[PDB]
4 protein chains.
Amino acid sequence: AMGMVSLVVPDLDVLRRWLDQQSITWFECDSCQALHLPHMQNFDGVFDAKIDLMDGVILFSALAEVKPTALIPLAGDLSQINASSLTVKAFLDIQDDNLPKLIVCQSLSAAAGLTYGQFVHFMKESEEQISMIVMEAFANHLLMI
Amino acid sequence: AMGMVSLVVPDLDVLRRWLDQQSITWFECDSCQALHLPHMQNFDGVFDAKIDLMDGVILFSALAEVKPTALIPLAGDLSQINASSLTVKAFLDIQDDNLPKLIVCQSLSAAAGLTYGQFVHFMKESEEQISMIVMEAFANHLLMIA
Amino acid sequence: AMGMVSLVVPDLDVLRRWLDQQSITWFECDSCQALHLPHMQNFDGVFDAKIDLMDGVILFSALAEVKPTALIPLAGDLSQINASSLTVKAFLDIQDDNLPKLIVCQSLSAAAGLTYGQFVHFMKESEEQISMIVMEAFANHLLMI
Amino acid sequence: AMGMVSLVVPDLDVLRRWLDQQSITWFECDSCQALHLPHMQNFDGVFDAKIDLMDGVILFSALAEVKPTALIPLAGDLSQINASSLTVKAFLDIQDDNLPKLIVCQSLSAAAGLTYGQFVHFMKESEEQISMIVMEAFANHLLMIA
């Protein structure tokens, strides 16, 4: 037992405040509704990272660009990567016009309510699990800079 | 305001009680630590489904046996399947002696506490998301029959 | 039996002549020793095709550019493609600096000697098997133009 | 000048005689049309090897059983393996009831005629190229033992 709490169903404004509470800086696309997190670019391989809220689910995602020569090998390793974390998911986003991306993300289901403490844990856990995947891909020479 | 609720770091006993409170039936392996969920076998392609507790993370997972002729095509589809759900993950488990398995799972991180209502929602959202993915693979002719 | 013949071990000059014999036009890179075959660009998907001679093996290869979005699906289909022809081979050539290529090729072992008629058959058979693979990839929307 | 030689469109009898002339032993399936080559089992990973004649093309092929845990990694290596030889091809044969197989093969197009000497060279070059590929996969731990 940790006691009684009262749960909140957050909107994006609650999330801005809860991020401000933790001293986590966020920035905000002209082109999207995600809260972008500049500190995540400190991890080798990370080009962008953000918090989205959609259909009752908070998502924390990082994006890295993949070298063309590593794309087939990385696609073959996706099972092992997803199996390697209890909480983080990984997949490729491939377009004809861009460099292929590796998306690495964790969700927190919010529609039933959350405490602030649960959000904080999620931010900490996600950052740690995400950066592990992405740094290991970088160190294996799979990513551009 | 709204009401107050208990925040609990659960052990496997907390979860069995919580499943009981939802009238969800669970069975046990003498060979594993998970709580098996017989009702998930009503979706085609599901050979087993279970709740595990691992380092403070609850995992609800479904397992389906994959057709060897569909193993490579499924492996090539994992990005798109993982991209199809906000919450569920999918991956392959391949051994040298068993048929390959598709694991389809959702997690709920319990180390900072959880409430009963969050678990309930987890059980519902996971059953829905997991069953969609498995039913879809089964309809794509990728799975063997239980 | 088709009678007695006398075999020739060709060099690149024999091959130019044998191509001239069949009225097949060839062109010649500043950057390679292959004999390039412009008529093969008449097949949808083909960016270049050539005859190489190396270490006693004549190779007839065509190259097509693959869309990034089709690269993973095509890599998964390489077994089926190679299984589909008795004589043609297919594989990807992927570089970080370029568009991925699909290489589709047939060899003729020449170190033991050949007749002209065997060369002609090879040119005909290769062109037919190669263009089948490449046109089927094009029609399945796997290639750029 | 150099000498003259017979140009022959072969049938399977022409090939058996030609293998005999090279003292290469061949056996037969009551279940297939190929001439099996017992000496190819001396290379590790080779479960079978054979000469087929199909639409006027001679195929020399070797078969190795693939470890299910290496199936996906091998599939991802096929480009590089096919690019490693000027003449040999490699691909997978996956069924729902057998272990997956790696086929490694070379062809010789016979419809415009072949001479005995071209066949001999074919037999030597194929054995060399095919065995290199198979021995290499076996050393990469991809294959099961015959």
Side-chain angles (χ1 to χ4, degrees), chain A residues 68 96, chain C residues 12 15-54 57-95 98-108 110 116-145, chain D residues 54-57 78-79 82-83 86-87 89 91 107 109 111-112:
Chain A
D96 292 329
Chain C
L12 204 60
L15 297 199
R16 277 178 285 244
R17 175 167 74 71
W18 282 354
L19 289 172
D20 295 340
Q21 282 290 311
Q22 298 160 78
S23 310
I24 294 164
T25 305
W26 47 277
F27 294 161
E28 212 181 38
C29 6
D30 187 62
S31 343
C32 86
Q33 289 185 189
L35 307 172
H36 286 262
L37 302 171
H39 85 277
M40 289 298 297
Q41 288 169 78
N42 297 339
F43 295 95
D44 292 331
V46 179
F47 104 71
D48 179 49
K50 58 196 156 147
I51 304 289
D52 281 283
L53 174 57
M54 22 201 173
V57 182
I58 300 173
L59 285 148
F60 185 153
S61 63
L63 297 78
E65 292 178 344
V66 176
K67 299 192 312 201
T69 55
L71 177 66
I72 296 343
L74 184 46
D77 288 332
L78 286 181
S79 268
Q80 168 195 281
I81 293 169
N82 276 292
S84 75
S85 176
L86 293 174
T87 63
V88 158
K89 161 194 279 177
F91 55 100
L92 301 165
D93 180 30
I94 307 162
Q95 321 289 9
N98 320 299
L99 277 157
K101 306 166 316 196
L102 175 59
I103 308 304
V104 181
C105 67
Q106 187 163 323
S107 64
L108 181 53
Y116 171 71
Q118 288 168 331
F119 188 60
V120 172
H121 179 66
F122 167 73
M123 294 304 294
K124 292 187 199 313
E125 187 177 59
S126 304
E127 162 159 356
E128 166 166 57
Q129 287 294 307
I130 286 174
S131 70
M132 284 172 55
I133 299 324
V134 177
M135 286 172 61
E136 170 156 48
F138 189 101
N140 289 345
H141 304 281
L142 300 183
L143 302 172
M144 295 166 306
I145 308 201
Chain D
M54 300 193 168
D55 290 327
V57 180
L78 292 172
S79 288
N82 276 288
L86 298 170
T87 62
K89 164 191 304 192
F91 58 95
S107 66
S109 291

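So that the names make sense, note that chain A is the first sequence line, chain B the second, and so on, each numbered from 1.
- D:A112 and C:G117 make their closest contact through CB-O, 4.1 Å (heavy atoms, listed as atom of the first residue, atom of the second, distance).
- Applying the side-chain contact (heavy atoms from CB on, under 4.5 Å) rule to C:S131 yields the partners C:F43; only residues at least two apart in sequence or on another chain are considered.
- More than 12 heavy atoms of other residues, nucleotides or ligands lie within 6.0 Å of CG in C:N98, so this atom counts as buried by the packing criterion.
- A heavy-atom distance below 4.5 Å is found between the side chains of D:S109 and C:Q106.
- Of the inter-residue distances, the one linking C:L102 atom CG with C:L92 atom CG reads 6.0 Å to the nearest 0.5 angstrom.
- The shortest heavy-atom contact between C:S84 and C:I133 is OG-CD1, 3.7 Å.
- Note that CG of D:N82 and CD1 of C:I103 are 12.0 Å apart. Values are rounded to the nearest 0.5 Å.
- Take C:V120 and apply the side-chain contact (heavy atoms from CB on, under 4.5 Å) test, not counting sequence neighbours, and it matches C:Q22, C:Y116, C:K124.
- For the atom pair CG (C:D48) and CZ (C:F27), the distance works out to 10.5 Å, reported to the nearest 0.5 Å.
- Side-chain contact between C:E127 and C:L37 is absent, with no heavy-atom pair separated by less than 4.5 Å.
- Here the side chains of C:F47 and C:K101 are in contact, with some heavy-atom distance below 4.5 Å.
- Residue pairs that meet the salt bridge (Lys or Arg N to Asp or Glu O under 4.0 Å) test with at least one member in residues 132-145 of chain C, sequence neighbours left out, do not exist here.
- Under the side-chain contact (heavy atoms from CB on, under 4.5 Å) criterion, C:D44 pairs with C:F138, sequence neighbours left out.
- With rounding to the nearest 0.5 angstrom, the CE atom of C:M40 is 10.0 Å from the CD1 atom of C:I24.
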Problem set entry | side-chain contact (heavy atoms from CB on, under 4.5 Å) between C:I94 and C:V66, intermediate numbers included | CA-CA 10 Å; C:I94 307 162; C:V66 176; over 6 Å; no
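- Sorted by first and then second residue, the salt bridge (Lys or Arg N to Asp or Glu O under 4.0 Å) pairs involving residues 27-36 of chain C (not counting sequence neighbours) are C:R16-C:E28.
- Counting heavy atoms from C-beta outward, A:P68 and C:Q95 have side chains that stay 4.5 Å or more apart.
- In this structure, the separation between CD1 on C:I58 and CH2 on C:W18 is 7.0 Å, given to the nearest 0.5 Å.
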For this session: Decide yes or no on side-chain contact (heavy atoms from CB on, under 4.5 Å) for C:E125 and D:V57, but give the supporting numbers first.
Result: CA-CA 11 Å; C:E125 187 177 59; D:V57 180; 4.2 Å; yes
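- Minimum interatomic distance between D:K89 and C:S85 (heavy atoms only, all atoms of both residues): NZ-O, 2.8 Å.
- Side-chain N/O atoms of C:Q129 and C:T87 include no donor and acceptor closer than 3.5 Å.
- Residue pairs meeting the side chain to side chain donor-acceptor pair (under 3.5 Å) criterion with at least one partner in residues 66-81 of chain C, sequence neighbours excluded, are A:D96-C:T69.
- In the displayed structure, C:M135 atom CE is contacted under 6.0 Å by at most 12 heavy atoms of other residues, nucleotides or ligands.
- You'll find the side chain of C:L63 reaches within 4.5 Å of the side chain of C:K50, heavy atoms only.
- Considering every non-hydrogen atom in both C:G45 and C:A64, the closest pair reads O-CB, 3.0 Å.
- Side chains of C:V46 and C:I130 form no contact here, defined as non-hydrogen atoms less than 4.5 Å apart.
- In this structure, the side chains of C:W26 and C:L15 stay at 4.5 Å or more apart for every pair of heavy atoms.
- Here the CG-CZ distance, from C:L35 to C:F60, works out to 11.5 Å after rounding to the nearest 0.5 Å.
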